[PDB]
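Hydrogens, waters and symmetry mates play no part in the numbers below; they use all other heavy atoms, side chains included. As the structure lists them, so they are numbered: ligands from 1, and atoms in each ligand from 1. Position 1 is the first residue of the sequence, and the numbers go up from there.
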Amino acid sequence: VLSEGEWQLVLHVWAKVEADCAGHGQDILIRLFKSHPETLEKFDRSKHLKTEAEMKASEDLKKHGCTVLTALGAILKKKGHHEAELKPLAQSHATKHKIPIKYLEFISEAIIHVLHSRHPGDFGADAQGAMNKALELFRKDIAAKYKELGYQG
Ligand code: HEM
């Protein structure tokens, strides 16, 4: 459903993200927690971090942020053909972590904010629109997998 051109814009900016996995990952989570503090409660250890500096200095948050981006990167490189990649992720996020689709919207917003902040020249209107569609596709498909597992989140 995304055009080839749009996928290229997505993967163009993603190569930039990959130049600093920990950094982008960290800032996305920090942004998420700031914009939607209720999300922080999902994180057993990061829950207890009281300042921005503490979060910035957290190897936990760096490694988890990078883990999120690494999994998302693999999904986006499938260019929509991500049925296999979504299976274990829907399982864990539906039944174990219990992350509502709204929370995936929240983190999608965080991703777009961080990418625009760090890469404005490589993330203008068309690039943002393409990333928006890619993440919308992600959320739609993972929502369907949620329901197959009995989770109406
Ligand atoms: C782009 C969307 C997301 C991606 C690609 C993603 C990816 C991952 C990956 C790869 C893992 C490790 C393996 C696993 O348990 O599945 C993970 C774990 C986890 N995810 Fe996500 N995630 C996303 C969104 C979220 C959001 C928005 C939340 C909470 C608001 C969340 C909560 C968690 C938690 C609590 C863990 C386990 C952390 C731990 O116990 O160490 N995820 N995620």
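Enclosure of atom NZ in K47 by more than 12 non-hydrogen atoms of other residues, nucleotides or ligands within 6.0 angstrom is indicated. Around the NZ atom of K78, the shell of radius 6.0 Å holds no more than 12 heavy atoms that belong to other residues, nucleotides or ligands. By the 6.0 Å contact criterion, NZ on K34 is open, its count of non-hydrogen atoms from other residues, nucleotides or ligands being 12 or less.
For atom 40 (O) of ligand 1, no protein non-hydrogen atom is found at a distance below 4.0 Å. Atom 17 (C) of ligand 1 is approached by the protein to below 4.0 angstrom, counting heavy atoms only.
The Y103 neighbourhood of ligand 1 comprises atoms 27 (C), 30 (C), with distances under 4.0 Å to a heavy atom of that residue. The atoms of ligand 1 that sit less than 4.0 Å from any heavy atom of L104 are 24 (C). For ligand 1, the atoms closer than 4.0 angstrom to any heavy atom of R45 are 41 (O).
For atom 2 (C) of ligand 1, the nearest protein heavy atom (residue, atom name, distance) is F138 CE2, 3.8 Å. Shortest contact from atom 35 (C) of ligand 1 to any protein heavy atom: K42 O, 3.3 Å.
The residues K77 and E18 are annotated as salt-bridged, a charged nitrogen and a carboxylate oxygen being separated by less than 4.0 angstrom.
A donor and an acceptor atom, one from each side chain of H12 and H119, are nowhere located under 3.5 Å apart.
A search for ring-ring contact (aromatic ring centres under 6.0 Å, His included) contacts involving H113 returns nothing, not counting sequence neighbours.
Between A143 and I101, the closest heavy-atom pair is CB-CD1, 3.5 Å.
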Show me, pair by pair, the donor-acceptor contacts under 3.5 angstrom made by side chains of residues 81-93, not counting sequence neighbours?
| from | atom 1 | to | atom 2 | distance (Å) |
| --- | --- | --- | --- | --- |
| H82 | NE2 | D141 | OD2 | 2.7 |
| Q91 | NE2 | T95 | OG1 | 2.9 |
| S92 | OG | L89 | O | 3.3 |
| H93 | ND1 | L89 | O | 3.1 |

Only pairs under 3.5 Å count here: list side-chain donor-acceptor contacts from residues 123-140, not counting sequence neighbours, and write none if there are none.
| from | atom 1 | to | atom 2 | distance (Å) |
| --- | --- | --- | --- | --- |
| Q128 | NE2 | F123 | O | 3.0 |
| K133 | NZ | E6 | OE2 | 2.8 |
| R139 | NH1 | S108 | OG | 2.9 |

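At distances below 3.5 Å, at least one donor-acceptor pair connects side-chain atoms of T70 with backbone N or O atoms of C66.
Neighbouring protein atoms of atom 21 (Fe) of ligand 1 (N, O or S, distance under 2.8 Å, waters ignored): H93 NE2.
For the ligand labelled ligand 1, residue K96 lies outside the 4.0 Å heavy-atom shell.
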